[PDB]
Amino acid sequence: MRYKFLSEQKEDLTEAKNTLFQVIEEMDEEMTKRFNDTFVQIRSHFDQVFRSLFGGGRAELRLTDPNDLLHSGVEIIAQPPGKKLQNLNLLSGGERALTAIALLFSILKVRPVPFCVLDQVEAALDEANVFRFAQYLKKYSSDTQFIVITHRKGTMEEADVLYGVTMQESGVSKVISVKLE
């Protein structure tokens, strides 16, 4: 037997499908355009941010598949000063960490924030590179307040103030503070 309520349910399905399909395609359009637009902007800063952190060299961003703007990966190719230009996959541990930080700081030029909490992001930097990282922060702290959790002494040396967190009593953190600037 055929039922009216079932036939209406099938018509409601067909009707919703037509609108929902249009929602989905517009979402796809927004994601492809915004991804590409933002990628272009981040790429525009990347070489300069890399160079200021490494003190030299050069670097590039490239879409893995530029005709698949919904799924393409991003290739990072970088040349630390004194080394060859290579995919990020083949750089040293400390070079990889600093290049990733260069990408994060390039994103911050495109999508600025009034404050930025960095929790030990520079843990894997080679010691020789810490001072340019720390000086980057001081320089651009005119536009972004930086709150930096760190165990690298070079980063501490460029901060304006230090908060020390230590357990004087067992399992209870105490906080002291000293100005440097």
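Throughout, we count residues from 1 along the sequence that is shown.
- Across the two stretches, 82 to 90 and 98 to 106, the PDB entry reports the greater mean Cα temperature factor for 82 to 90.
- Just going by the entry, 120 to 128 versus 61 to 69 on mean CA temperature factor gives the higher value to 61 to 69.
- Sorting the modelled residues of the chain by their CA temperature factor places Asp47 in the lowest third.
- Split the chain's modelled residues into thirds by C-alpha temperature factor. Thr38 is in the lowest one.
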